[PDB]
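Taking the form deposited in one PDB entry, here's one chain by itself in structure tokens.
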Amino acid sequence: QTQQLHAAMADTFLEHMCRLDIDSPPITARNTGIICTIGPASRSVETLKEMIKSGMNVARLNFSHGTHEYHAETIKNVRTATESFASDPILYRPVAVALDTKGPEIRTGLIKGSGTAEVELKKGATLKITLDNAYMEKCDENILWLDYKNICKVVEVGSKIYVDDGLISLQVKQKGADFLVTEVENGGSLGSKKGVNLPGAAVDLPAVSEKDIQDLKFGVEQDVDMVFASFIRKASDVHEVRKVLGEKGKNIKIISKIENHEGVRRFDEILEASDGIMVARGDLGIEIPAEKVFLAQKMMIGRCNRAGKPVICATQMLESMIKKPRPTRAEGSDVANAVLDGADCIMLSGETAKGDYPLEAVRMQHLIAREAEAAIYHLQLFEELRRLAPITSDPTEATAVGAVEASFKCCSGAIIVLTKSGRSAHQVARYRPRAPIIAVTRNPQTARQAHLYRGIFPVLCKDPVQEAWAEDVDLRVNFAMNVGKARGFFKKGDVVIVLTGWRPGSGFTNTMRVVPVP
């Protein structure tokens, strides 16, 4: 039948895999968030309308490049396309805006006085790295400028230097005052403004740099929903981002990007400090060996699933769709497995920023996730998530787990949750139900930030507050009931779970109800 329900009845994990049927169609709801980097190929209002229609939940902005005017006009265009669907609130999908910091990046200068010129580094040859600012935009075959000024101090006399996402490889032979005479291990095309990695080195670059201070202030002023904080090495790095944002940026969610060996090693203190994690696989696959990245991924995702906090899988997930209309079989498997592992969000970088087919890659990540959400062995997963803290005195958690148990028993169309801050709907998300969570809120920052969790369909209720509180509760319940009928989540006479509380204000969610859809 549907939803891989025959696979859900399996006694063993191997039999769950064995009963995975390609002729079993999934339900209409897609639970995992899609984050998209917005760049040259997708920043128009026209394209951003079609990204939302294809299934974009979060707009990421990469502050590695671009000025503050470029990002403000992108933010303006996101909101122009988002509020174009706001006239009917039953069909309005909330879209988050995400800032991704530059962080402690080492980067190259301009090849031949150009941004698009390319020299050809052939294998075994010498190359002089320099810090001399005369050679800043005069980068040649023989010379190379970079921006980390303490680079001669922190490298060894047999260190390896990786340029352009790990593709060019170097080895330090002679160490100079401002210079570093290298020898090319893996050659290839060296272009302009490429990221440099030093995987052996204790790089003494700032936690929150000069550019990052300016960028985070801009995030507060433009009213972003989340910060994707680059190169988080410890818990005091997360606290410094929390303190830089301060009072005005207290509701902005900090997502620590684990990009390096020290972030993997000191993960638990980072996770306890952060609001969520990005498994930032690009920089991680250069810093640690590339064969160890899946171990790091499934650790990070699994511990975030255990701790109940958001996790985003990232980098190169549909990489060939920059140039092609359809992905490779690796790329389809990767998106599937990341959703299977328990990533609350999946991300697109160059596919949506500068790709020739950015709408197809959003659609492809929608179609793969929804199939993989049906492919989850919920029987084992819910039984293992229940055993973590199986006694607690908090009354709201008991209602959250009891709702999820109820949703499996009737195989429900939805779990409708009223929430102010997100927290009641966030509690339902942690137990991983099959049913889509419909989070009803009047707080629009709660609506945008609720995309960070698996399961949650946030709905922004634009209705005025009715004079009686009990009638105001039922109005918000009927709103979600209208949403799922409009989206094809459920029809009339289907069963849904409705979560409410006993009084107004946050923290009082104690009422679970099993209602038919009118």
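Under this definition, the rigid core comprises the largest set of C-alpha atoms superposing within 1.5 Å between the forms. Numbers for residues come from their place in the sequence shown, where the first is 1.
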Check: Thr126 without coordinates in a third or more of other entries:
yes
Is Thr108 without coordinates in at least a third of the other compared PDB entries of this protein that model the residues flanking it?
yes
Comparing 85-93 with 166-174, the higher average Cα temperature factor in the PDB entry belongs to 166-174
Residue range whose averaged C-alpha B-factor is higher in the record, 189-197 or 226-234
189-197
Could you check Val335, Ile143, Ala447, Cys304 and tell me which one carries the biggest Cα B-factor in the deposited entry?
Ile143
In terms of recorded Cα temperature factor, pick the maximum from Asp100, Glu118, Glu262, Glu331.
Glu118
Test of reading the entry: by CA B factor among the chain's modelled residues, which third contains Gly33?
lowest
When the modelled residues of the chain are sorted by Cα temperature factor, does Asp275 land in the lowest, middle or highest third?
lowest
Lowest, middle or highest third: where is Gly249 by Cα B-factor in its chain?
middle
Within-chain third of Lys492 by Cα B-factor, per the entry
highest
Tertile call for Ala468 (CA temperature factor, within chain, third-based) is the highest
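The form deposited in another entry exists for this protein as well; it is not shown, and the discussion that follows is about that form.
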Conformational change between the shown form and the other one, one of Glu397, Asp356, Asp147, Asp140, C-alpha moving 2 Å or more after core fit:
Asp140
